[PDB]
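First, one chain by itself: the form deposited in one PDB entry, in structure tokens.
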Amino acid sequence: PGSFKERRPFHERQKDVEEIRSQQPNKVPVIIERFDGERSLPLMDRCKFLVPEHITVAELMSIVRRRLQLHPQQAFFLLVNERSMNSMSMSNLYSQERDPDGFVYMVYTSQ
């Protein structure tokens, strides 16, 4: 529904990751989009982020909060592929949940 996977075919997605891996082998390719079942939080201008291996989910949350210009005590959560997410570093998240295209996919929800 205009998601990254729908707008970008597979071979193109694989090509984005191989670009990232060879230019910046240290960085985790993350896709962040609005949950299909979320309607209150707004959409975001970009969905593609390349983040240091060592940063945490809580840090990833600040990144979204800031980009969406949310209230600091606005309650929201990230799902991976679609389960609950925090202290997980990007390195660990990626080892457990990366997509076959080589991105790891997240969505934010307020519920």
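Numbers follow the displayed sequence, beginning with 1.
One more form of this protein, deposited with a partner chain bound, exists but is not displayed; see below.
The three residues 16, 20 and 63 all sit with a heavy atom within 4.5 Å of its partner chain in the deposited bound form. Its partner chain is not shown here, and in the deposited bound form it never comes within 4.5 Å of any heavy atom of residue 34. Its partner chain in the deposited bound form is approached by residue 50, whose closest heavy atom lies within 4.5 angstroms of it. At a distance threshold of 4.5 angstroms between non-hydrogen atoms, residue 96 is out of contact with its partner chain in the deposited bound form. Among residues of the shown chain, residue 87 is not one whose heavy atoms approach its partner chain to within 4.5 Å in the deposited bound form.
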